[PDB]
Each structure stands twice: as C-alpha cells, then as structure tokens.
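Coordinates as given in data29.txt (compact mmCIF, C-alpha atoms):
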# COMPACT_ATOMS: atom_id res chain seq x y z
CA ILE C 1 84.77 122.77 113.10
CA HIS C 2 82.70 119.76 112.04
CA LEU C 3 85.58 118.67 109.80
CA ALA C 4 87.97 119.01 112.74
CA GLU C 5 85.70 116.87 114.92
CA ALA C 6 85.39 114.24 112.18
CA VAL C 7 89.17 114.17 111.74
CA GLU C 8 89.55 113.77 115.51
CA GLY C 9 87.28 110.73 115.31
CA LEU C 10 89.28 109.38 112.37
CA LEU C 11 92.54 109.81 114.31
CA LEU C 12 91.04 107.94 117.27
CA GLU C 13 90.02 105.22 114.78
CA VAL C 14 93.55 103.79 115.19
CA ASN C 15 92.37 102.04 118.36
CA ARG C 16 89.33 100.79 116.45
CA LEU C 17 91.67 99.34 113.81
CA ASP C 18 93.80 97.69 116.49
CA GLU C 19 90.74 96.12 118.11
CA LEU C 20 89.58 94.92 114.69
CA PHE C 21 92.98 93.29 114.24
CA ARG C 22 92.42 91.61 117.63
CA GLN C 23 88.91 90.52 116.59
CA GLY C 24 87.82 87.02 115.64
CA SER C 25 87.24 87.13 111.88
CA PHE C 26 90.48 88.92 111.00
CA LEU C 27 92.51 86.52 113.13
CA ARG C 28 90.77 83.55 111.52
CA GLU C 29 91.76 84.93 108.11
CA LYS C 30 95.31 85.53 109.36
CA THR C 31 95.67 82.02 110.78
CA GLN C 32 94.25 80.45 107.62
CA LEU C 33 96.78 82.39 105.54
CA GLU C 34 99.62 81.31 107.83
CA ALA C 35 98.31 77.73 107.77
CA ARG C 36 98.35 77.72 103.96
CA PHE C 37 101.92 79.03 103.93
CA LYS C 38 103.03 76.55 106.61
CA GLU C 39 101.37 73.66 104.76
CA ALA C 40 103.14 74.67 101.54
CA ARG C 41 106.48 74.81 103.38
CA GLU C 42 105.84 71.45 105.06
CA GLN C 43 104.94 69.79 101.76
CA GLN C 44 108.08 71.28 100.22
CA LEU C 45 110.56 69.98 102.78
CA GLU C 46 108.79 66.63 103.12
CA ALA C 47 109.10 66.19 99.36
CA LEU C 48 112.79 67.03 99.76
CA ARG C 49 113.06 64.50 102.60
CA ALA Z 1 100.77 88.87 102.44
CA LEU Z 2 100.02 89.60 106.10
CA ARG Z 3 100.66 93.27 105.36
CA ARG Z 4 98.32 93.06 102.35
CA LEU Z 5 95.63 91.36 104.45
CA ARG Z 6 95.87 93.99 107.18
CA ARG Z 7 95.77 96.73 104.54
CA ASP Z 8 92.68 95.23 102.89
CA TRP Z 9 90.83 94.69 106.18
CA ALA Z 10 91.66 98.22 107.34
CA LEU Z 11 90.49 99.69 104.03
CA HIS Z 12 87.25 97.70 104.15
CA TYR Z 13 86.57 98.81 107.72
CA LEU Z 14 87.44 102.46 107.01
CA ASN Z 15 85.27 102.62 103.88
CA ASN Z 16 82.11 102.54 106.01
CA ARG Z 17 83.61 105.19 108.32
CA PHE Z 18 84.68 107.51 105.49
CA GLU Z 19 81.60 107.30 103.24
CA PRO Z 20 79.49 109.44 105.63
CA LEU Z 21 82.41 111.88 105.90
CA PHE Z 22 82.87 111.78 102.12
CA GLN Z 23 79.20 112.79 101.77
CA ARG Z 24 79.22 115.42 104.53
CA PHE Z 25 82.45 117.05 103.27
CA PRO Z 26 82.61 116.60 99.48
CA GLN Z 27 85.14 119.45 99.29
CA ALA Z 28 87.52 117.59 101.64
CA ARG Z 29 87.51 114.49 99.42
CA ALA Z 30 91.24 114.65 98.67
CA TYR Z 31 92.29 115.30 102.28
CA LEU Z 32 89.94 112.64 103.64
CA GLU Z 33 91.22 110.12 101.08
CA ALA Z 34 94.79 110.96 102.09
CA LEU Z 35 93.89 110.51 105.77
CA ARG Z 36 92.24 107.16 105.01
CA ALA Z 37 95.34 106.05 103.12
CA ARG Z 38 97.49 107.11 106.08
CA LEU Z 39 95.27 105.17 108.49
CA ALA Z 40 95.47 102.09 106.26
CA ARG Z 41 99.26 102.38 106.01
CA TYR Z 42 99.48 102.67 109.80
CA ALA Z 43 97.31 99.57 110.10
CA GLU Z 44 99.53 97.69 107.64
CA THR Z 45 103.08 98.71 108.57
CA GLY Z 46 102.47 99.72 112.19
CA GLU Z 47 104.02 103.13 111.55
CA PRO Z 48 102.63 105.42 114.27
CA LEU Z 49 100.33 108.24 113.18
CA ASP Z 50 101.11 111.65 114.65
CA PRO Z 51 97.75 113.37 115.27
CA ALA Z 52 99.38 116.81 115.03
CA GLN Z 53 100.63 116.06 111.49
CA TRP Z 54 97.17 115.13 110.16
CA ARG Z 55 94.88 117.53 112.02
CA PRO Z 56 93.27 120.11 109.71
CA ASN Z 57 94.81 123.49 110.49
CA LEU Z 58 91.81 125.69 111.23
CA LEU Z 59 93.62 128.98 110.62
CA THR Z 60 90.88 131.40 111.70
CA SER Z 61 87.40 130.91 113.11
CA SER Z 62 84.42 131.23 110.78
CA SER Z 63 83.02 134.73 110.31
CA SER Z 64 79.31 135.48 110.10
CA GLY Z 65 79.95 138.17 107.48
CA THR Z 66 78.18 140.84 109.57
CA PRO Z 67 80.42 142.46 110.65
CA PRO Z 68 82.95 141.28 108.05
CA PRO Z 69 86.49 140.23 108.97
CA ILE Z 70 88.14 143.57 109.74
CA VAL Z 71 91.88 143.18 110.31
CA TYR Z 72 93.87 146.29 111.17
CA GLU Z 73 97.55 145.36 111.20
CA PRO Z 74 99.41 148.43 112.53
CA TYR Z 75 102.78 146.71 111.98
CA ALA Z 76 102.99 145.18 108.50
CA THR Z 77 105.83 142.78 109.27
CA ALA Z 78 106.23 139.70 107.07
CA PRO Z 79 105.29 137.23 109.86
CA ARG Z 80 102.29 139.18 111.17
CA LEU Z 81 100.97 139.76 107.64
CA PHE Z 82 101.38 136.43 105.85
CA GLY Z 83 101.55 134.19 108.91
CA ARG Z 84 104.60 132.17 109.86
CA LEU Z 85 105.62 128.55 109.29
CA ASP Z 86 106.82 127.61 112.76
CA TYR Z 87 109.50 124.95 113.19
CA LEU Z 88 110.43 122.47 115.92
CA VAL Z 89 114.02 121.41 116.60
CA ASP Z 90 114.21 117.84 117.91
CA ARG Z 91 117.74 116.70 118.83
CA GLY Z 92 119.16 119.28 116.40
CA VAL Z 93 116.92 118.23 113.49
CA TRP Z 94 114.42 120.74 112.14
CA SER Z 95 110.91 119.49 111.40
CA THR Z 96 107.37 120.85 111.44
CA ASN Z 97 103.83 119.88 110.47
CA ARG O 1 88.41 74.33 127.84
CA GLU O 2 87.84 74.66 124.10
CA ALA O 3 91.45 73.58 123.41
CA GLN O 4 91.42 70.35 125.43
CA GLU O 5 88.25 69.55 123.48
CA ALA O 6 90.58 68.93 120.52
CA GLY O 7 93.23 67.34 122.75
CA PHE O 8 95.66 70.15 123.55
CA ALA O 9 97.23 71.55 126.71
CA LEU O 10 97.37 75.31 127.26
CA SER O 11 100.89 76.05 128.52
CA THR O 12 101.31 79.53 130.01
CA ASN O 13 104.96 80.60 129.70
CA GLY O 14 105.01 84.02 131.32
CA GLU O 15 102.86 86.32 129.22
CA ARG O 16 102.89 83.89 126.28
CA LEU O 17 100.43 81.05 125.68
CA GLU O 18 101.07 77.91 123.64
CA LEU O 19 99.19 74.73 122.71
CA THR O 20 101.12 71.53 123.44
CA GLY O 21 99.45 68.59 121.72
CA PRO O 22 100.21 65.31 119.96
CA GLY O 23 99.61 66.84 116.53
CA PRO O 24 99.45 70.19 114.74
CA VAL O 25 97.05 72.71 116.26
CA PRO O 26 93.84 73.51 114.34
CA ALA O 27 93.61 76.81 112.50
CA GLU O 28 90.66 78.00 114.59
CA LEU O 29 92.36 77.00 117.86
CA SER O 30 95.48 78.95 116.85
CA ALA O 31 93.24 81.89 115.93
CA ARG O 32 91.63 81.73 119.38
CA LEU O 33 95.06 81.54 121.05
CA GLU O 34 96.25 84.62 119.17
CA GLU O 35 92.95 86.35 119.99
CA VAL O 36 93.34 85.75 123.72
CA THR O 37 96.99 86.83 123.60
CA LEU O 38 96.13 90.11 121.86
CA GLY O 39 93.17 90.54 124.20
CA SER O 40 95.39 90.01 127.24
CA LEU O 41 97.81 92.66 125.98
CA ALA O 42 94.90 95.02 125.28
CA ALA O 43 93.47 94.27 128.73
CA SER O 44 96.79 95.10 130.38
CA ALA O 45 96.83 98.40 128.49
CA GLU O 46 93.20 99.00 129.48
CA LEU O 47 94.03 98.22 133.11
CA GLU O 48 96.83 100.80 132.99
CA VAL O 49 94.62 103.48 131.44
Starting from the file, lay out its structure as structure tokens.
Amino acid sequence: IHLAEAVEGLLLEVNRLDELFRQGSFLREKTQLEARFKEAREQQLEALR
Amino acid sequence: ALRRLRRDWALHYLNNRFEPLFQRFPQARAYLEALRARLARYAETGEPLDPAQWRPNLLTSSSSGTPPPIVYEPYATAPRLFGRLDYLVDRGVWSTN
Amino acid sequence: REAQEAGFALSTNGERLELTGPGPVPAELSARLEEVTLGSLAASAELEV
C-alpha cells in the first residue's frame, strides 16, 4: 500500500516535471543551447555570403 | 539536443525523488527504475504516461497471518483459480495493461 | 518592463508574445519570454481546473 501511494506520487510527478520545464534555470539552459545553435548557423551562412 | 537536455534535467530532478523510494523499497528497485525511465522518456519525447499501465497491481490485500489466507474455491474453473488477464477492445484493437 | 530595459518592444499577437527590437534579443530575455509564455499556458490550464 505504501508502494502504491509512492507510485501515485511518482505518476503525479509529471506535472512537477512540466513545471520544472517551465522554470527559470531550465529555460535559460534551453535558450543558451538554441543561441549556440543559431550563432553557429548564422556564422555558417554569413561565411557563405 | 533539446530532447537530451530535457532527459538530463528530468533525470536529475527525479533522482532526488527516487532515492528515498529506492531506500524505502529496495525490493522494488527494478520497477522503480523502470518507472523513472518512463517518466524521463515522457519528459523528453512528450509521450503521455498512462497511469493505469504503470500502477502496481496490488492483487490481494496483505494478510496478518492469523488467521492465514483461507481460500475455499467451490468451483475450480481456470479463471477463478489462476486469475484472468482481462482485455480491453478499443476501436477493434485488443490491448490491456 | 525588463525587456524595454534592453531596448525591445513586447508585441502580443494573440496568445503569442514576441520581442521586436533593433537587434537580436538577449538569451536571458528570450528565456524570460518563453517562461512567461509557458506560464500563461499553465495559468490558463490552472484557471480551467
């Protein structure tokens, strides 16, 4: 029964994960990753230009 | 790489949630690890997690051992003896959990 | 308020938010924009529930 309650908490942890993905630090990491990729792409096509 | 980052962040967050449950249920280590992997894969790929497919099937309630589990089955049919693996038909497709 | 500090205008196109500025948006400002967008979606869901 304790295992069932713990698993219920773990299944509700999906909302916790979603909120974490809407949190500040994760989104900063995400935007820095996307900024690195976008900078690489921009350097690439400006070298082509 | 976004999928990898989401996977890593989810795993790091779920480690602190699963360590107490890893300690409290050392026997359920494999099942809890599988559930953590499923949660991380949901976090990465966005694949929805069916709670009914990952709930632990508590077959019968715990017995105190006094009196012991005394099961008189007057009709020894295959389903009533060994249980039965129920099935659900969704749009003509058979599936169960 | 924190976006015009860096010289950007917060354009609200329906549910979506964008930063219109003379140059590329900063990484942290884009992170904040994504954070408020995800928070607005989560707040709509929370209002429904």
key: 12 Å contact set for region 2-7 of chain O, only C-alpha atoms, chain neighbours under 5 positions out, as a PyMOL selection string   = chain O and resi 17-33
query = Got a sec: who's within 9 Å of region 21-31 of chain C, counting only C-alpha atoms, leaving out chain neighbours fewer than 6 positions off, as a PyMOL selection string?
reply = (chain Z and resi 2+5-6+9-10+43) or (chain O and resi 27-28+30-32+34-39+42)
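CA of residue 24 (chain Z) sits 23.3 Å away from CA of residue 15 (chain C).
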message = So that I can see what lies close to region 83-86 of chain Z, please list as number ranges by chain the residues with an atom at most 10 Å from it, counting all atoms listed in the file and leaving out residues fewer than 6 positions away in the same chain.
response = Z: 59, 77, 95-97
Keeping C-alpha atoms, export the residues of the selection given above as a PDB file, in the frame of the given file.
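Everything below was put into out.pdb:
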ATOM      1  CA  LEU Z  59      93.620 128.980 110.620  1.00  0.00           C
ATOM      2  CA  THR Z  77     105.830 142.780 109.270  1.00  0.00           C
ATOM      3  CA  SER Z  95     110.910 119.490 111.400  1.00  0.00           C
ATOM      4  CA  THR Z  96     107.370 120.850 111.440  1.00  0.00           C
ATOM      5  CA  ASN Z  97     103.830 119.880 110.470  1.00  0.00           C
TER       6      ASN Z  97
END
At a cut-off of 9 Å, list the chain Z residues touching chain C, using all atoms listed in the file, as an mmCIF file with C-alpha atoms, keeping the file's coordinate frame.
data_model
loop_
_atom_site.group_PDB
_atom_site.id
_atom_site.type_symbol
_atom_site.label_atom_id
_atom_site.label_comp_id
_atom_site.auth_asym_id
_atom_site.auth_seq_id
_atom_site.Cartn_x
_atom_site.Cartn_y
_atom_site.Cartn_z
ATOM 1 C CA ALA Z 1 100.770 88.870 102.440
ATOM 2 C CA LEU Z 2 100.020 89.600 106.100
ATOM 3 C CA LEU Z 5 95.630 91.360 104.450
ATOM 4 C CA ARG Z 6 95.870 93.990 107.180
ATOM 5 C CA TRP Z 9 90.830 94.690 106.180
ATOM 6 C CA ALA Z 10 91.660 98.220 107.340
ATOM 7 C CA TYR Z 13 86.570 98.810 107.720
ATOM 8 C CA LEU Z 14 87.440 102.460 107.010
ATOM 9 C CA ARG Z 17 83.610 105.190 108.320
ATOM 10 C CA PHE Z 18 84.680 107.510 105.490
ATOM 11 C CA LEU Z 21 82.410 111.880 105.900
ATOM 12 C CA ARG Z 24 79.220 115.420 104.530
ATOM 13 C CA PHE Z 25 82.450 117.050 103.270
ATOM 14 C CA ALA Z 28 87.520 117.590 101.640
ATOM 15 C CA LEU Z 32 89.940 112.640 103.640
ATOM 16 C CA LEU Z 35 93.890 110.510 105.770
ATOM 17 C CA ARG Z 36 92.240 107.160 105.010
ATOM 18 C CA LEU Z 39 95.270 105.170 108.490
ATOM 19 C CA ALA Z 40 95.470 102.090 106.260
ATOM 20 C CA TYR Z 42 99.480 102.670 109.800
ATOM 21 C CA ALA Z 43 97.310 99.570 110.100
ATOM 22 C CA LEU Z 49 100.330 108.240 113.180
ATOM 23 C CA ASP Z 50 101.110 111.650 114.650
ATOM 24 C CA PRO Z 51 97.750 113.370 115.270
ATOM 25 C CA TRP Z 54 97.170 115.130 110.160
ATOM 26 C CA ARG Z 55 94.880 117.530 112.020
ATOM 27 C CA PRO Z 56 93.270 120.110 109.710
ATOM 28 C CA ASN Z 57 94.810 123.490 110.490
ATOM 29 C CA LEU Z 58 91.810 125.690 111.230
ATOM 30 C CA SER Z 61 87.400 130.910 113.110
ATOM 31 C CA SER Z 62 84.420 131.230 110.780
#
key: d(CA of residue 63 (chain Z), CA of residue 26 (chain Z)) in Å   = 21.1 Å
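A straight line drawn from CA of residue 41 (chain Z) to CA of residue 53 (chain Z) is 14.8 Å long.
For the residues O:15, O:1, O:41, O:48, ranking by smallest atom-to-atom distance to chain C using only C-alpha atoms places O:41 first.
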